[PDB]
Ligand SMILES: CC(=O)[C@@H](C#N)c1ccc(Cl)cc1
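So this first bit is one chain, no partners, the form solved without the ligand, shown in structure tokens.
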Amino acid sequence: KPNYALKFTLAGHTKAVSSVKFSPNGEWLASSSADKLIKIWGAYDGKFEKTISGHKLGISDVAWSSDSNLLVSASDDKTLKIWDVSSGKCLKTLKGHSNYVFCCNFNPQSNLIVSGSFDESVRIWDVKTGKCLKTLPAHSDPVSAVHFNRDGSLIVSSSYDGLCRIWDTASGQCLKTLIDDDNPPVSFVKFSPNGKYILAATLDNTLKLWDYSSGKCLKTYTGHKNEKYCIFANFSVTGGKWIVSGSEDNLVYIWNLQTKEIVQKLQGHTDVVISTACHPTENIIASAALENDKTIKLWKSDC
């Protein structure tokens, strides 16, 4: 069992926080918010660094490039924006979605961006020019998450339509559709850090680990509450091998990845913990909550 303890509480956003992500170099934390702003924080001390402004409506998601020099953000204003973190400059504004943009990620080479939208499509963008390269008619309901695998050859997407799908990056072809017995909305998905599995959340209070090549669900993690919101989930690999997820009972849940037992719950937020992130080298967890709370909390552990 880990021993996560609250170290810092981060206030500054004036509306619901939508996403938190640690930079891959471990130095920074980025946060997005319905207040239309991105904020950067020191990852180890929680000290506020700067605000990045530009979107016209709330920001749903933010993600780092591999070298921690760029961010991409997805917004209700139907754009994505690519930011140079050091200068604060908006480098490109990606226009092409016909509805709110919900989720985004760079590929490992950080030469591409993938996005998912309420327009039920997944789009692939060129980082250097900012132009849309492919539009994939991915789903028949809003796209809840998009993520590249370890080498960037695949994209996984999830949707309220109940499907997880695996896409070939180069051709845009659907390679696999995954779904379990019930057809609950799929509210989050991502590849494992070694790229062999996908971790999928469904709006029936369930996280599932899938062998996607074999199309088999290996493990399930339960005990949290998730019936309404698209909540991030994470692999924690710096100490013990855990699963981390926020919850609609205002807690952060931590499971043992292999045995699936709950090993810790983290108490402190006053609203749905919509987003969590795991530091890439230290046993640090960032958690963020919705409109009744508006804060980000940083937790640290021995293992």
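Just count from 1 along the sequence shown to find any residue number.
Higher average CA B factor: 206-214, of the stretches 206-214 and 106-114. In this crystal structure, the stretch out of 192-200 and 150-158 whose C-alpha atoms carry the higher mean B factor is 192-200. Taking the PDB entry at face value, the top CA B factor among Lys78, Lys89, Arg165, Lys134 belongs to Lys134. Between the residues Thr14, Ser19, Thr9, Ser23, it is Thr9 that shows the highest Cα B-factor in the PDB record.
Ranked against the other modelled residues of its chain, the C-alpha B-factor of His139 as given in the entry falls in the lowest third. Ranked against the other modelled residues of its chain, the C-alpha B-factor of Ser275 as given in the entry falls in the lowest third. Ranked within its chain, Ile284 lands in the highest third, by CA B factor from the PDB record.
Compared with the other modelled residues of the chain, the Cα B-factor recorded for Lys50 ranks in the middle third.
Placement of the Cα temperature factor of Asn183 within the chain: highest third of the modelled residues, per the deposited record.
Form solved in complex with the ligand: not shown, discussed below.
Only one listed stretch (167-175, 78-86, 190-198, 131-139) carries heavy atoms within 4.5 Å of the ligand in the deposited bound form, and that stretch is 190-198.
The ligand is not shown here, and in the deposited bound form it never comes within 4.5 Å of any heavy atom of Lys50.
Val237 belongs to the set of residues with a heavy atom inside 4.5 Å of the ligand in the deposited bound form.
The closest non-hydrogen atom of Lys241 lies within 4.5 Å of the ligand in the deposited bound form. Contact check for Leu257: a heavy atom falls within 4.5 Å of the ligand in the deposited bound form.
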